[PDB]
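Note: the block below is data.cif and it holds mmCIF, C-alpha atoms and all ligand atoms.
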```
data_upload
#
loop_
_atom_site.label_atom_id
_atom_site.label_comp_id
_atom_site.auth_asym_id
_atom_site.auth_seq_id
_atom_site.Cartn_x
_atom_site.Cartn_y
_atom_site.Cartn_z
CA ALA T 1 -196.46 -84.32 112.53
CA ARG T 2 -194.92 -80.92 113.16
CA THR T 3 -191.18 -80.45 113.66
CA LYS T 4 -188.95 -77.48 114.36
CA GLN T 5 -188.51 -77.20 110.58
CA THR T 6 -192.21 -77.21 109.71
CA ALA T 7 -193.10 -74.82 112.53
CA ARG T 8 -190.57 -72.32 111.18
CA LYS T 9 -192.27 -72.37 107.79
CA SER T 10 -195.67 -71.92 109.45
CA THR T 11 -194.76 -68.64 111.13
CA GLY T 12 -192.85 -67.19 108.19
CA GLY T 13 -190.09 -66.07 110.55
CA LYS T 14 -189.67 -63.05 112.77
CA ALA T 15 -190.02 -59.49 111.49
CA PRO T 16 -186.72 -57.81 110.52
CA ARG T 17 -184.25 -57.49 113.38
CA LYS T 18 -184.09 -53.69 113.46
CA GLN T 19 -187.88 -53.53 113.68
CA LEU T 20 -188.10 -56.04 116.57
CA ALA T 21 -188.47 -54.93 120.17
CA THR T 22 -185.26 -54.46 122.16
CA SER W 1 -196.58 -79.83 134.38
CA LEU W 2 -193.44 -82.01 134.43
CA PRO W 3 -191.19 -82.01 137.53
CA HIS W 4 -188.27 -80.39 135.68
CA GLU W 5 -190.60 -77.61 134.47
CA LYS W 6 -191.90 -76.87 137.98
CA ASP W 7 -190.43 -73.76 139.67
CA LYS W 8 -187.89 -73.44 136.80
CA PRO W 9 -187.67 -69.67 136.37
CA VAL W 10 -189.17 -67.95 133.37
CA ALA W 11 -187.76 -64.99 131.46
CA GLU W 12 -189.29 -61.52 131.40
CA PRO W 13 -191.87 -61.44 128.57
CA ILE W 14 -191.49 -58.94 125.74
CA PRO W 15 -194.94 -57.35 125.16
CA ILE W 16 -194.67 -57.32 121.35
CA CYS W 17 -195.33 -60.05 118.79
CA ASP W 18 -192.07 -60.91 117.04
CA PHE W 19 -193.98 -61.88 113.86
CA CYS W 20 -196.35 -58.95 113.23
CA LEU W 21 -194.91 -56.36 115.69
CA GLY W 22 -198.33 -55.82 117.26
CA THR W 23 -199.10 -55.75 120.95
CA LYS W 24 -201.84 -57.55 122.87
CA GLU W 25 -204.11 -54.76 121.60
CA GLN W 26 -203.65 -55.48 117.88
CA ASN W 27 -202.96 -58.66 115.93
CA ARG W 28 -202.87 -58.87 112.11
CA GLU W 29 -206.67 -58.54 112.00
CA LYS W 30 -206.41 -55.32 114.06
CA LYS W 31 -208.14 -57.06 117.00
CA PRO W 32 -206.92 -57.59 120.57
CA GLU W 33 -205.26 -60.93 121.25
CA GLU W 34 -203.17 -61.89 124.27
CA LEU W 35 -199.58 -62.89 123.57
CA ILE W 36 -197.80 -66.05 124.59
CA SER W 37 -194.15 -65.78 125.61
CA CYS W 38 -191.26 -68.22 125.61
CA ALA W 39 -190.25 -69.21 129.14
CA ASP W 40 -186.56 -69.23 128.21
CA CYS W 41 -185.99 -66.22 125.94
CA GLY W 42 -189.06 -64.09 126.72
CA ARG W 43 -189.89 -63.38 123.08
CA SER W 44 -193.58 -63.39 122.26
CA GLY W 45 -196.15 -64.08 119.57
CA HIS W 46 -199.85 -63.88 119.01
CA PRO W 47 -201.28 -67.42 118.86
CA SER W 48 -202.78 -66.48 115.47
CA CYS W 49 -199.31 -65.48 114.21
CA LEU W 50 -197.89 -68.75 115.58
CA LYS W 51 -200.70 -70.63 113.76
CA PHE W 52 -201.79 -72.35 117.00
CA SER W 53 -205.32 -73.70 117.29
CA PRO W 54 -207.52 -72.34 120.10
CA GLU W 55 -207.23 -75.67 121.94
CA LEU W 56 -203.43 -75.77 121.74
CA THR W 57 -203.31 -72.12 122.82
CA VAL W 58 -205.29 -72.89 125.99
CA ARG W 59 -202.94 -75.73 126.90
CA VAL W 60 -199.63 -73.93 126.33
CA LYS W 61 -200.77 -71.00 128.50
CA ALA W 62 -200.81 -73.43 131.45
CA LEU W 63 -197.36 -74.90 130.72
CA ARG W 64 -193.74 -73.72 130.70
CA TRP W 65 -193.98 -73.22 126.95
CA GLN W 66 -190.85 -72.76 124.83
CA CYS W 67 -190.51 -71.16 121.39
CA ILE W 68 -189.40 -73.16 118.34
CA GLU W 69 -185.71 -72.40 118.86
CA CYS W 70 -185.61 -72.80 122.64
CA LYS W 71 -187.63 -76.03 122.60
CA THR W 72 -185.79 -78.85 124.37
CA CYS W 73 -186.76 -82.52 124.29
CA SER W 74 -189.07 -83.29 127.22
CA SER W 75 -187.39 -86.70 127.67
CA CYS W 76 -183.64 -86.06 127.40
CA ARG W 77 -183.66 -82.24 127.93
CA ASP W 78 -181.28 -81.73 124.97
CA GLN W 79 -181.51 -80.15 121.53
CA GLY W 80 -178.48 -81.66 119.83
CA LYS W 81 -177.64 -82.61 116.27
CA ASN W 82 -181.17 -83.92 115.56
CA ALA W 83 -182.92 -80.78 116.84
CA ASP W 84 -184.45 -79.78 113.49
CA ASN W 85 -186.46 -83.04 113.37
CA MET W 86 -187.74 -82.92 116.96
CA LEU W 87 -191.50 -83.60 116.96
CA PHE W 88 -193.88 -81.04 118.49
CA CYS W 89 -196.99 -82.39 120.24
CA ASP W 90 -200.24 -81.15 118.70
CA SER W 91 -201.87 -81.15 122.14
CA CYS W 92 -199.25 -79.50 124.40
CA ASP W 93 -196.50 -78.33 121.98
CA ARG W 94 -193.79 -80.14 123.92
CA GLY W 95 -190.85 -81.40 121.87
CA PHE W 96 -189.56 -84.97 121.67
CA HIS W 97 -186.75 -86.41 119.58
CA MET W 98 -188.11 -89.36 117.62
CA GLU W 99 -185.58 -91.61 119.38
CA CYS W 100 -186.82 -90.34 122.78
CA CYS W 101 -190.49 -91.20 122.25
CA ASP W 102 -192.14 -94.12 123.99
CA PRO W 103 -191.77 -96.25 121.96
CA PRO W 104 -188.86 -94.82 119.96
CA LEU W 105 -189.82 -93.88 116.42
CA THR W 106 -187.85 -94.64 113.26
CA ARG W 107 -189.98 -92.56 110.88
CA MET W 108 -191.95 -89.36 111.26
CA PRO W 109 -195.58 -89.96 112.29
CA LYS W 110 -198.13 -88.89 109.71
CA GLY W 111 -200.81 -86.32 110.45
CA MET W 112 -201.62 -84.91 113.88
CA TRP W 113 -199.36 -86.35 116.58
CA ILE W 114 -200.03 -86.56 120.32
CA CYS W 115 -197.10 -87.13 122.66
CA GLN W 116 -196.70 -89.78 125.35
CA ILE W 117 -197.72 -87.32 128.10
CA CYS W 118 -201.00 -86.32 126.46
CA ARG W 119 -202.00 -89.66 124.91
ZN ZN T 201 -198.63 -61.09 115.79
ZN ZN T 202 -187.36 -68.91 123.20
ZN ZN T 203 -184.53 -86.35 123.40
ZN ZN T 204 -198.34 -83.52 124.53
#
```
Can you present the structure in this file as structure tokens?
Amino acid sequence: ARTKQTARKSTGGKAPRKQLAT
Amino acid sequence: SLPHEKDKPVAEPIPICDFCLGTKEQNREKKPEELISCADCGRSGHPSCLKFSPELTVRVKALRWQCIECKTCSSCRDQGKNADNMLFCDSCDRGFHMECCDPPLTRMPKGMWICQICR
């Protein structure tokens, strides 16, 4: 099954904060 | 939809994927792909960046979908100390604490898992 933990690894995490949309 | 999801207001969607920084016009393959957006925080992702199957993508677009961090248990409505081990349904992406499933689960299910609403 998927969990919060495994789903985080699947995306690889957001792009760096200063590059994200405001 | 569930009663507590109905008419519960949704946040303004951000029209950029938080994973690849593309818009609906350009995913990582430089092709158009509509975003999905968290109902609670408004942040968005391409389904391909979220690693969602086409079938899951269709279903979450019809539901008050929440991102990984905003996801609350569909039974108890909490996140809580056991949030990191909340199960995500492979049909609808809703979250359930193992102890809030019907029946309650002591160990993580193996393989694809379908929640009590979808099963
Ligand atoms: Zn993307
Ligand atoms: Zn969110
Ligand atoms: Zn719960
Ligand atoms: Zn489900």
Practice task
Select residues of chain T: the criterion is any atom within 7 Å of an atom of chain W, counting all atoms listed in the file; output as a count of residues only.
Solution key: 12
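Residues in contact with ligand ZN 203 (chain T) (atom pairs separated by at most 10 Å; only C-alpha atoms and all ligand atoms) are residues 72, 73, 74, 75, 76, 77, 78, 79, 80, 82, 83, 86, 87, 95, 96, 97, 98, 99, 100 and 101 of chain W.
Remark: for ligand ZN 204 (chain T), the closest of the candidate residues W:36, W:2, W:11, W:105 is W:2 (distances computed over only C-alpha atoms and all ligand atoms).
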Which chains and residue numbers are within 6 Å of ligand ZN 204 (chain T), counting all atoms listed in the file, if I want them as a PDB file with C-alpha atoms, keeping the file's coordinate frame?
```pdb
ATOM      1  CA  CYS W  89    -196.990 -82.390 120.240  1.00  0.00           C
ATOM      2  CA  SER W  91    -201.870 -81.150 122.140  1.00  0.00           C
ATOM      3  CA  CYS W  92    -199.250 -79.500 124.400  1.00  0.00           C
ATOM      4  CA  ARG W  94    -193.790 -80.140 123.920  1.00  0.00           C
ATOM      5  CA  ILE W 114    -200.030 -86.560 120.320  1.00  0.00           C
ATOM      6  CA  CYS W 115    -197.100 -87.130 122.660  1.00  0.00           C
ATOM      7  CA  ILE W 117    -197.720 -87.320 128.100  1.00  0.00           C
ATOM      8  CA  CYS W 118    -201.000 -86.320 126.460  1.00  0.00           C
TER       9      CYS W 118
END
```
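Pairwise distance (atom CA of residue W:8, atom CA of residue T:9) equals 29.4 Å.
Nearest-residue note for residue W:64: choosing from W:5, W:25, W:12, W:34, the minimum distance belongs to W:5, counting all atoms listed in the file.
Note that atom CA of residue W:40 and atom CA of residue W:62 are 15.2 Å apart.
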